[PDB]
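In: In the first instance, please consider these chains from the complex; the rest will follow:
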Amino acid sequence: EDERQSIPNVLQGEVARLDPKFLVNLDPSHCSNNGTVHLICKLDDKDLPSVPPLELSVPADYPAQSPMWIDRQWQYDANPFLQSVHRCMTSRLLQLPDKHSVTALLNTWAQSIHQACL
Amino acid sequence: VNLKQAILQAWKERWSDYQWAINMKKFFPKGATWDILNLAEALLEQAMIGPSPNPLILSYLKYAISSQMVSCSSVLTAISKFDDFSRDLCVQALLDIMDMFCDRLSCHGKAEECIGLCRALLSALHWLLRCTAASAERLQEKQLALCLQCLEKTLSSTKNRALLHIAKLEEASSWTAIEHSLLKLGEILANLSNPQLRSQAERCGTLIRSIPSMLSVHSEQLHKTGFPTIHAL
């Protein structure tokens, strides 16, 4: 009895059920065993692409606003359009009551990216 | 070949230039071969431009440098013989885009190709050297000052130092040519341009000289204590 590969299965099992529009991968494993959560996602759809988020979560109780935007400053000072995208992103994230990293994060991010077209 | 007329039609209409990505992904098989990406446009779009910065299209490059193939852009803007053209205007836009490019850091290539990226970086510096060419005549200010400024900026320590070291320890001929060009530029910089100018250039030269030496060379001091190990042994 041991996982030996990741956190409790529920998170991966649920995220693997998402749309093909999202493309999730892992960065250098700085929390390989216990944390095992720092996701890099690439929105692939009929919309403009952007920088992937951080998405570093906590134990499965999920009181985790996972994204921390490690590359916030310079990647966001680039263009006004993506700056407005980031503004709408954080504004909608603030509206999320007890956000849930599993689905709420990526869904809200996609909604904000689709709101960018004004 | 369709890519050229495609990006032309893109410019031919006043697109939002961020929805442009949608049309780009649509017009292409979306992953067939990205070696024919925006990388070459910057050249060809500027080809007929000549003595003109060609604005309203650099916005595409701006919305692209967020996440694209930075290696191809780097090597092509390095090999671009634009200082030879001596437009003195487009080169400024090149400095501006290189600012947003290199200031923070480069990106990953997920393969050994990224190492070659570092290689391109070397050639990049050579390009910046030809900024002094804009002052080679000196028969009559802003351009040389700005070029040396952005050069010193891109030469931030602990950021590209390892990449320059990799470049130097992966090939020599280009490194020797870059060193000779640096020596020549330093020699050419023996004129009293300004107080701010011709000062930091020596600093960047010393940085390049220290590049092959080490990153943690033994420079510590103030070790006030009688060494007992040597004594005892």
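Out: Happy to help now that I have it. Residues are numbered from 1 along each chain as shown, chains lettered A, B, ... in the order given.
In: Helix or strand for the residue of chain A found nearest chain B, just tell me which one.
Out: At 4.1 Å from chain B, residue A:74 is the closest residue in chain A, using Cβ to the nearest Cβ. Yep, even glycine has a C-beta here, placed from its N, CA and C like the rest. Residue A:74 belongs to helix A:72-76 when assigned by DSSP states H and E.
In: Does anything pack onto the next helix or strand after that helix? Which helices or strands?
Out: Per DSSP H and E, helix A:72-76 leads on to helix A:80-95 as the next helix or strand towards the C-terminus. For helix A:80-95, the elements it packs on are helix A:72-76, helix A:104-115, judged by 3 or more Cβ pairs under 8 Å, 6 or more residues apart in numbering or on different chains; DSSP states H and E.
In: Kindly compare burial across those and name the winner.
Out: Most buried of those, by mean neighbour count (mean count of other Cβ atoms under 10 Å in any protein chain shown): helix A:104-115, with a mean of 18.
In: Need the CA coordinates for that one. CSV is fine.
Out: Written as CSV, here are the backbone C-alpha positions of helix A:104-115 (Å, rounded to 0.1, in the frame of the first residue of the first chain):
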residue,chain,number,x,y,z
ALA,A,104,-12.6,26.5,-10.8
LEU,A,105,-9.1,27.9,-11.6
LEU,A,106,-8.7,26.7,-15.2
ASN,A,107,-12.4,27.4,-15.9
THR,A,108,-12.2,31.0,-14.6
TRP,A,109,-9.0,31.5,-16.5
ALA,A,110,-10.5,30.3,-19.7
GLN,A,111,-13.5,32.5,-19.2
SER,A,112,-11.3,35.5,-18.6
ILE,A,113,-9.2,34.7,-21.7
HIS,A,114,-12.5,34.5,-23.7
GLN,A,115,-13.6,37.8,-22.1
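In: what's the closest non-adjacent residue to the residue of chain A closest to chain B?
Out: Spatial nearest neighbour of residue A:74, chain neighbours left out: residue B:104 (4.1 Å); criterion: Cβ to Cβ, 6 or more residues apart in numbering or on different chains.
In: tell me the secondary structure for that neighbour?
Out: Residue B:104 falls in the coil class when you classify it by DSSP: H, G, I helix; E, B strand; the rest coil.
In: So what's the residue count around it?
Out: The local packing of residue B:104 (other Cβ atoms under 10 Å in any protein chain shown) involves 14 other residues.
In: same thing with residue B:191?
Out: Residue B:191 is flanked by 10 other residues according to other Cβ under 10 Å.
In: To which secondary structure element is the residue nearest to it when sequence neighbours are not counted assigned?
Out: Once flanking residues are discounted, residue B:191 sits nearest to residue B:138: 6.6 Å by Cβ to Cβ, 6+ apart. Using DSSP H and E, residue B:138 sits in no helix or strand.
In: Any chance of the backbone angles for residue B:138?
Out: Per-residue torsions, residue B:138: phi 50, psi 50 (degrees, to the nearest 10).
In: measure it to chain A for me?
Out: Distance of residue B:138 to chain A, computed by Cβ to the nearest Cβ, to the nearest Å: 36 Å.
In: was I right about that residue contacting residue B:189?
Out: No. Residue B:138 is beyond contact range of residue B:189, at 10.9 Å (criterion: Cβ atoms under 8 Å).
In: most centrally placed residue in the chain?
Out: No chain was given, so I picked chain A. Nearest to the mean C-alpha position of chain A, by Cα atoms, centre = their mean, lies residue A:55 at 4.4 Å.
In: that's the wrong chain, I meant chain B
Out: So for chain B, Cα atoms, centre = their mean, it's residue B:124, sitting 4.0 Å from the centre.
In: Extend the structure above with chain C:
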Amino acid sequence: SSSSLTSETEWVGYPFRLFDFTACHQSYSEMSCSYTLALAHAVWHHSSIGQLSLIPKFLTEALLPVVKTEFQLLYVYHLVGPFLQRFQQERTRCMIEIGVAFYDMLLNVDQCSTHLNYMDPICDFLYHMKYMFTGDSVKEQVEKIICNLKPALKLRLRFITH
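Out: Next up, chain C placed on what we already have:
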């Protein structure tokens, strides 16, 4: 205390290793001067009843025009330093003189120096002396000296005002 010691004594100018005793436990690091230091301590290890009243006068003149650099200051400090308890107990009137002498040495080394090399040692030394022995008495007098110090030293001793 003044053989040459001002232009450039030697690379041995590290004050702490020299001025500290028990270095004689090895057959080296026993420079004559350091010995003399313990010598003083020696008598002051047992003559600590009323003889200390001699050192303030002995300071006020003699130690003034003999100190230029900083390790001489550390030397005279080690000479007078570890006895403030005897003044706090009995010779209360003399500890103020000892303190103003300390600060006079400070002003002297400040006025004649290219740069202070061992700032933090003297800093936390004075911190200890203030917080543990002078209480809150001399605060005013040292002010009339502490204001005319170097800007770096000023920022360093900023919190002495209270």
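In: And the helix holding residue A:74, what does it pack against?
Out: Packing contacts for helix A:72-76, counted by 3+ Cβ pairs under 8 Å, 6+ apart, involve helix A:80-95.
In: and the residue nearest to the centre of chain B, what is it in contact with?
Out: Residues counted as contacts of residue B:124 (Cβ atoms under 8 Å, 6 or more residues apart in numbering or on different chains) are B:74, B:77-78, B:98, B:102.
In: Figure out how far whichever helix or strand it is part of is from the centre of its chain.
Out: Assigned by DSSP H and E, residue B:124 belongs to helix B:113-129. Taking Cα atoms, centre = their mean, to the nearest Å, one finds helix B:113-129 lying 7 Å from the centre of the chain it belongs to.
In: Just the CA atoms of it, as PDB, please.
Out: Output of helix B:113-129 as PDB, limited to C-alpha atoms (Å, rounded to 0.1, in the frame of the first residue of the first chain):
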ATOM      1  CA  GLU B 113      18.500  23.000 -29.000                       C
ATOM      2  CA  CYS B 114      18.200  25.500 -26.200                       C
ATOM      3  CA  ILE B 115      22.000  25.300 -25.900                       C
ATOM      4  CA  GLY B 116      22.300  26.500 -29.400                       C
ATOM      5  CA  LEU B 117      20.000  29.300 -28.300                       C
ATOM      6  CA  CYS B 118      22.800  30.400 -26.000                       C
ATOM      7  CA  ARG B 119      25.000  30.200 -29.100                       C
ATOM      8  CA  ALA B 120      22.800  32.700 -30.900                       C
ATOM      9  CA  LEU B 121      23.000  34.900 -27.800                       C
ATOM     10  CA  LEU B 122      26.800  35.200 -28.500                       C
ATOM     11  CA  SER B 123      26.200  36.400 -32.000                       C
ATOM     12  CA  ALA B 124      23.500  38.700 -30.500                       C
ATOM     13  CA  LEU B 125      26.200  40.600 -28.600                       C
ATOM     14  CA  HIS B 126      28.300  40.900 -31.800                       C
ATOM     15  CA  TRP B 127      25.200  42.600 -33.300                       C
ATOM     16  CA  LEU B 128      25.100  45.100 -30.400                       C
ATOM     17  CA  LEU B 129      28.800  45.800 -31.000                       C
END
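In: Output the set of residues of chain C in proximity to chain B.
Out: Counting by Cβ under 8 Å from any Cβ of the partner chain, chain C comes close to chain B at C:14, C:16-17, C:28-29.
In: ok, now with 6 Å
Out: residue C:14 (Cβ under 6 Å from any Cβ of the partner chain).
In: What of chain A?
Out: Residues of chain A found near chain B, taking Cβ under 6 Å from any Cβ as the criterion, are A:46, A:48-49, A:74, A:78-79, A:81.
In: count of residues packed around the residue nearest to residue B:66 when sequence neighbours are not counted?
Out: Setting aside the residues directly before and after it, residue B:66 is nearest to residue A:78 in space (Cβ to Cβ, 6+ apart), at 5.8 Å. Residue neighbour count, defined by other Cβ under 10 Å, stands at 15 for residue A:78.
In: backbone phi and psi for residue B:154, please?
Out: Phi and psi for residue B:154, reported as degrees, to the nearest 10, are phi -60, psi -20.
In: so who does it touch?
Out: Contacts for residue B:154 (Cβ atoms under 6 Å, 6 or more residues apart in numbering or on different chains) come out as residue B:102.
In: Give me the contact list for the helix holding residue A:74.
Out: In contact with helix A:72-76 (Cβ under 6 Å, 6+ apart) are residues A:51, A:83, A:86, B:104.
In: Secondary structure element for residue A:40, which one?
Out: strand A:39-41.
In: Name the residues of that strand that are buried.
Out: A:39, A:41 (16 or more other Cβ atoms under 10 Å in any protein chain shown).
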